[PDB]
Amino acid sequence: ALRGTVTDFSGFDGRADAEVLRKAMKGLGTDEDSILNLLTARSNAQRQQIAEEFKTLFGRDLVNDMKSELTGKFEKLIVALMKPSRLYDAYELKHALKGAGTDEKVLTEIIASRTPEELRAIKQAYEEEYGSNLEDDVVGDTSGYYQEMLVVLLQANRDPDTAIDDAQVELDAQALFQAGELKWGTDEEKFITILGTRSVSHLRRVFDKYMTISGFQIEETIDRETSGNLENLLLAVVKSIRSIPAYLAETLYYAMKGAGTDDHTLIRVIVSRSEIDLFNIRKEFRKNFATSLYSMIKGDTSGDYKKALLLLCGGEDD
Ligand SMILES: [Ca+2]
Ligand SMILES: [Ca+2]
Ligand SMILES: [Ca+2]
Ligand SMILES: [Ca+2]
Ligand SMILES: [Ca+2]
């Protein structure tokens with residue numbers, strides 16, 4: 001099943017951990033090594049208890065103190081690691097929508113790869129934290145079919161996996177064929193309804209059947225029929241339906257692909273999935289890119305930031 005790389009540390013003592021952290025920042029200097037080896041070895045819920053003990057003992061906010069002592073990517077990784085799990089995805093979405101400029105790669109990445117259950121959780125958290133409706137904020141900063149597809153997904157009303165109705169699979173496959181390849185132009189609405197509301201098990205069957213009747217994989221047709229933000233979203237949805245860990249592994253790969261590194265994306269995926277399916281993401285990363293995620297990271301990052309990442313990911317050998 002699904003498996004992360006971070007678990008609750010046994011023999012957990014919040015007060016003790018708070019003191020270790022406190023001693024690592026007191027006086028001039030900062031013992032980063034001590035901080036990273038500790039926080040990456042504690043589950044997210046435990047980090048929250050440490051933060052609570054820290055404030056109780058010293059009357060200081062652990063996160064703000066680290067924001068003062070830490071710098072750069074390492075600081076960003078530590079701050080994201082301290083964000084409550086139930087609020088992280090909402091946090092990211094909020095930052096991708098705030099100020100002039102909307103970060104579409106973020107909206108697409110999260111809303112496409114998160115399950116209906118997760119999306120429901122994210123919407124509640126977002127509203128309680130920012131006193132604003134997530135859907136309304138998305139609509140306000142986006143437009144066209146891209147916006148429409150995101151809204152469909154945000155409803156979290158995807159059909160439930162039940163017995164497969166063969167005739168419905170043929171109907172849907174043929175409907176997609178007719179809405180794209182056999183149509184002068186494209187019927188985006190058809191693509192949105194089907195890909196956004198049908199059950200996961202149903203769609204996996206539709207993808208195979210579509211391949212059989214058209215000679216094309218649904219991804220190829222999408223690339224041939226659509227463009228812009230809509231194309232990226234549709235591909236994210238399809239890839240997620242097939243395998244969320246694969247889609248995420250691919251997102252990671254392209255983050256460390258070529259000159260430089262998309263650090264924000266790199267941190268987001270590793271942190272948000274660390275306690276869910278990061279282990280699976282590794283297996284999908286190896287099987288599809290001839291290398292282990294560990295090596296990719298180990299050879300694209302530097303310093304403490306690099307050390308923290310490797311400890312969270314693990315898998316040195318894969
Ligand atoms: Ca200090
Ligand atoms: Ca904006
Ligand atoms: Ca067409
Ligand atoms: Ca295209
Ligand atoms: Ca790189």
# chains A, B, ... in the order shown; residues from 1 in each chain; ligands from 1
$ residues_around --residues "residue 177 of chain A" --least-positions-apart "6" --cutoff "10 Å" --atoms "only C-alpha atoms" --output "ChimeraX atom specification"
/A:171,183,191,210-211,213-214,216,218,221
$ residues_around --residues "segment 112-124 of chain A" --least-positions-apart "5" --cutoff "7 Å" --atoms "only C-alpha atoms" --output "VMD selection string"
chain A and resid 89 to 90 134 154 156 to 158 236 to 237 240 244
$ residues_around --residues "segment 69-78 of chain A" --least-positions-apart "4" --cutoff "10 Å" --atoms "only C-alpha atoms" --output "PDB file with N, CA and C atoms, in the first residue's frame"
ATOM      1  N   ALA A  24      20.806  24.537  20.553  1.00  0.00           N
ATOM      2  CA  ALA A  24      21.371  24.649  19.213  1.00  0.00           C
ATOM      3  C   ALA A  24      21.282  26.057  18.617  1.00  0.00           C
ATOM      4  N   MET A  25      20.484  26.927  19.230  1.00  0.00           N
ATOM      5  CA  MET A  25      20.318  28.296  18.728  1.00  0.00           C
ATOM      6  C   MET A  25      20.759  29.379  19.713  1.00  0.00           C
ATOM      7  N   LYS A  26      20.953  28.999  20.969  1.00  0.00           N
ATOM      8  CA  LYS A  26      21.362  29.941  22.000  1.00  0.00           C
ATOM      9  C   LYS A  26      22.749  30.528  21.713  1.00  0.00           C
ATOM     10  N   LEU A  28      25.771  33.054  20.181  1.00  0.00           N
ATOM     11  CA  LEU A  28      26.164  33.311  18.805  1.00  0.00           C
ATOM     12  C   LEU A  28      26.357  31.988  18.079  1.00  0.00           C
ATOM     13  N   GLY A  29      25.943  31.949  16.818  1.00  0.00           N
ATOM     14  CA  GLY A  29      26.085  30.735  16.034  1.00  0.00           C
ATOM     15  C   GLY A  29      24.824  29.897  15.969  1.00  0.00           C
ATOM     16  N   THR A  30      24.903  28.791  15.236  1.00  0.00           N
ATOM     17  CA  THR A  30      23.775  27.886  15.069  1.00  0.00           C
ATOM     18  C   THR A  30      24.274  26.480  14.752  1.00  0.00           C
ATOM     19  N   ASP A  31      23.808  25.504  15.517  1.00  0.00           N
ATOM     20  CA  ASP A  31      24.194  24.121  15.297  1.00  0.00           C
ATOM     21  C   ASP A  31      23.151  23.507  14.361  1.00  0.00           C
ATOM     22  N   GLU A  32      23.254  23.822  13.069  1.00  0.00           N
ATOM     23  CA  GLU A  32      22.315  23.312  12.072  1.00  0.00           C
ATOM     24  C   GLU A  32      22.229  21.792  12.047  1.00  0.00           C
ATOM     25  N   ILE A  35      19.916  20.464  14.567  1.00  0.00           N
ATOM     26  CA  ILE A  35      18.531  20.781  14.251  1.00  0.00           C
ATOM     27  C   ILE A  35      17.960  19.852  13.182  1.00  0.00           C
ATOM     28  N   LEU A  36      18.656  19.736  12.055  1.00  0.00           N
ATOM     29  CA  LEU A  36      18.170  18.904  10.965  1.00  0.00           C
ATOM     30  C   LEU A  36      18.102  17.423  11.304  1.00  0.00           C
ATOM     31  N   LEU A  39      14.767  17.180  13.671  1.00  0.00           N
ATOM     32  CA  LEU A  39      13.484  17.407  13.013  1.00  0.00           C
ATOM     33  C   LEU A  39      13.129  16.442  11.888  1.00  0.00           C
ATOM     34  N   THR A  40      14.130  15.923  11.188  1.00  0.00           N
ATOM     35  CA  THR A  40      13.849  14.998  10.102  1.00  0.00           C
ATOM     36  C   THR A  40      13.662  13.586  10.635  1.00  0.00           C
ATOM     37  N   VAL A  63       9.308  28.309  15.649  1.00  0.00           N
ATOM     38  CA  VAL A  63       9.400  28.607  14.223  1.00  0.00           C
ATOM     39  C   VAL A  63      10.048  29.957  13.935  1.00  0.00           C
ATOM     40  N   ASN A  64       9.655  30.995  14.667  1.00  0.00           N
ATOM     41  CA  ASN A  64      10.240  32.314  14.449  1.00  0.00           C
ATOM     42  C   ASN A  64      11.719  32.335  14.824  1.00  0.00           C
ATOM     43  N   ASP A  65      12.088  31.596  15.866  1.00  0.00           N
ATOM     44  CA  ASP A  65      13.488  31.556  16.269  1.00  0.00           C
ATOM     45  C   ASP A  65      14.325  30.932  15.164  1.00  0.00           C
ATOM     46  N   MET A  82       7.844  22.317   9.524  1.00  0.00           N
ATOM     47  CA  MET A  82       7.168  22.677  10.769  1.00  0.00           C
ATOM     48  C   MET A  82       5.699  23.037  10.554  1.00  0.00           C
ATOM     49  N   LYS A  83       5.305  23.173   9.295  1.00  0.00           N
ATOM     50  CA  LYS A  83       3.926  23.512   8.984  1.00  0.00           C
ATOM     51  C   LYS A  83       3.035  22.304   9.283  1.00  0.00           C
ATOM     52  N   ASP A 263      13.692  24.415  -6.560  1.00  0.00           N
ATOM     53  CA  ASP A 263      13.694  24.107  -5.137  1.00  0.00           C
ATOM     54  C   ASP A 263      12.322  24.108  -4.485  1.00  0.00           C
ATOM     55  N   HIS A 264      11.498  25.097  -4.812  1.00  0.00           N
ATOM     56  CA  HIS A 264      10.176  25.179  -4.209  1.00  0.00           C
ATOM     57  C   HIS A 264       9.397  23.887  -4.421  1.00  0.00           C
ATOM     58  N   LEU A 266      10.627  20.990  -5.280  1.00  0.00           N
ATOM     59  CA  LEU A 266      11.394  19.915  -4.661  1.00  0.00           C
ATOM     60  C   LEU A 266      11.051  19.777  -3.175  1.00  0.00           C
ATOM     61  N   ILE A 267      10.933  20.912  -2.492  1.00  0.00           N
ATOM     62  CA  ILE A 267      10.612  20.921  -1.068  1.00  0.00           C
ATOM     63  C   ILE A 267       9.160  20.505  -0.855  1.00  0.00           C
ATOM     64  N   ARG A 268       8.258  21.118  -1.614  1.00  0.00           N
ATOM     65  CA  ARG A 268       6.835  20.821  -1.504  1.00  0.00           C
ATOM     66  C   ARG A 268       6.486  19.337  -1.607  1.00  0.00           C
ATOM     67  N   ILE A 270       8.503  16.568  -1.420  1.00  0.00           N
ATOM     68  CA  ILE A 270       9.161  15.753  -0.401  1.00  0.00           C
ATOM     69  C   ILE A 270       8.513  15.918   0.971  1.00  0.00           C
ATOM     70  N   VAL A 271       8.162  17.152   1.310  1.00  0.00           N
ATOM     71  CA  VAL A 271       7.552  17.415   2.602  1.00  0.00           C
ATOM     72  C   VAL A 271       6.096  16.983   2.691  1.00  0.00           C
ATOM     73  N   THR A 301      21.851  19.204  -4.984  1.00  0.00           N
ATOM     74  CA  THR A 301      21.766  20.041  -3.788  1.00  0.00           C
ATOM     75  C   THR A 301      23.084  20.152  -3.024  1.00  0.00           C
ATOM     76  N   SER A 302      23.210  21.208  -2.225  1.00  0.00           N
ATOM     77  CA  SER A 302      24.423  21.439  -1.444  1.00  0.00           C
ATOM     78  C   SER A 302      24.129  21.855  -0.002  1.00  0.00           C
ATOM     79  N   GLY A 303      25.102  21.632   0.878  1.00  0.00           N
ATOM     80  CA  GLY A 303      24.973  22.010   2.276  1.00  0.00           C
ATOM     81  C   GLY A 303      24.000  21.254   3.166  1.00  0.00           C
ATOM     82  N   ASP A 304      23.526  21.949   4.198  1.00  0.00           N
ATOM     83  CA  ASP A 304      22.577  21.394   5.156  1.00  0.00           C
ATOM     84  C   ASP A 304      21.265  21.061   4.444  1.00  0.00           C
ATOM     85  N   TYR A 305      20.853  21.945   3.539  1.00  0.00           N
ATOM     86  CA  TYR A 305      19.634  21.756   2.757  1.00  0.00           C
ATOM     87  C   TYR A 305      19.701  20.369   2.127  1.00  0.00           C
ATOM     88  N   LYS A 306      20.872  20.035   1.591  1.00  0.00           N
ATOM     89  CA  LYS A 306      21.100  18.741   0.962  1.00  0.00           C
ATOM     90  C   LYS A 306      21.036  17.609   1.985  1.00  0.00           C
ATOM     91  N   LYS A 307      21.596  17.838   3.170  1.00  0.00           N
ATOM     92  CA  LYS A 307      21.596  16.826   4.224  1.00  0.00           C
ATOM     93  C   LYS A 307      20.191  16.512   4.734  1.00  0.00           C
ATOM     94  N   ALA A 308      19.395  17.557   4.937  1.00  0.00           N
ATOM     95  CA  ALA A 308      18.031  17.406   5.424  1.00  0.00           C
ATOM     96  C   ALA A 308      17.198  16.614   4.416  1.00  0.00           C
ATOM     97  N   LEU A 309      17.295  16.997   3.145  1.00  0.00           N
ATOM     98  CA  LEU A 309      16.563  16.325   2.073  1.00  0.00           C
ATOM     99  C   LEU A 309      16.870  14.828   1.995  1.00  0.00           C
TER     100      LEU A 309
END
$ residues_near_ligand --ligand "ligand 4" --cutoff "8 Å" --atoms "only C-alpha atoms and all ligand atoms" --output "PDB file with C-alpha atoms, in the first residue's frame"
ATOM      1  CA  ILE A 222      -4.503  15.707 -25.148  1.00  0.00           C
ATOM      2  CA  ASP A 223      -1.217  17.113 -26.443  1.00  0.00           C
ATOM      3  CA  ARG A 224      -2.657  17.169 -29.989  1.00  0.00           C
ATOM      4  CA  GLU A 225      -5.961  18.765 -29.056  1.00  0.00           C
ATOM      5  CA  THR A 226      -5.184  21.170 -26.227  1.00  0.00           C
ATOM      6  CA  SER A 227      -2.589  23.736 -25.145  1.00  0.00           C
ATOM      7  CA  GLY A 228      -1.732  26.195 -22.374  1.00  0.00           C
ATOM      8  CA  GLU A 231      -3.195  20.894 -21.373  1.00  0.00           C
TER       9      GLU A 231
END
$ residues_near_ligand --ligand "ligand 2" --cutoff "9 Å" --atoms "only C-alpha atoms and all ligand atoms" --output "list in words"
residues 95, 96, 97, 98, 99, 100, 101, 102, 103, 137, 138, 140, 141 and 142 of chain A
$ closest_atom_pairs --of "segment 177-263 of chain A" --to "segment 280-296 of chain A" --cutoff "10 Å" --atoms "only C-alpha atoms" --output "JSON lines"
{"residue": "A:243", "atom": "CA", "partner": "A:284", "partner_atom": "CA", "distance": 9.3}
{"residue": "A:244", "atom": "CA", "partner": "A:281", "partner_atom": "CA", "distance": 8.4}
{"residue": "A:245", "atom": "CA", "partner": "A:281", "partner_atom": "CA", "distance": 4.6}
{"residue": "A:246", "atom": "CA", "partner": "A:284", "partner_atom": "CA", "distance": 5.4}
{"residue": "A:247", "atom": "CA", "partner": "A:281", "partner_atom": "CA", "distance": 8.5}
{"residue": "A:248", "atom": "CA", "partner": "A:281", "partner_atom": "CA", "distance": 6.7}
{"residue": "A:249", "atom": "CA", "partner": "A:285", "partner_atom": "CA", "distance": 5.2}
{"residue": "A:250", "atom": "CA", "partner": "A:285", "partner_atom": "CA", "distance": 7.1}
{"residue": "A:251", "atom": "CA", "partner": "A:285", "partner_atom": "CA", "distance": 9.9}
{"residue": "A:252", "atom": "CA", "partner": "A:293", "partner_atom": "CA", "distance": 8.5}
{"residue": "A:253", "atom": "CA", "partner": "A:285", "partner_atom": "CA", "distance": 7.7}
{"residue": "A:256", "atom": "CA", "partner": "A:296", "partner_atom": "CA", "distance": 7.2}
{"residue": "A:257", "atom": "CA", "partner": "A:296", "partner_atom": "CA", "distance": 9.2}
$ write_last_selection --atoms "C-alpha atoms" --output "compact mmCIF listing (two decimals), in the first residue's frame"
# COMPACT_ATOMS: atom_id res chain seq x y z
CA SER A 243 -0.69 6.57 -10.52
CA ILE A 244 -0.31 9.46 -8.10
CA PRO A 245 3.19 8.31 -7.03
CA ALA A 246 4.28 8.18 -10.70
CA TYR A 247 2.93 11.65 -11.45
CA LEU A 248 4.67 13.05 -8.37
CA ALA A 249 7.90 11.20 -9.17
CA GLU A 250 7.76 12.75 -12.63
CA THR A 251 7.15 16.19 -11.13
CA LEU A 252 10.23 15.72 -8.94
CA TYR A 253 12.36 14.53 -11.87
CA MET A 256 15.87 18.60 -10.94
CA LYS A 257 15.96 18.35 -14.73
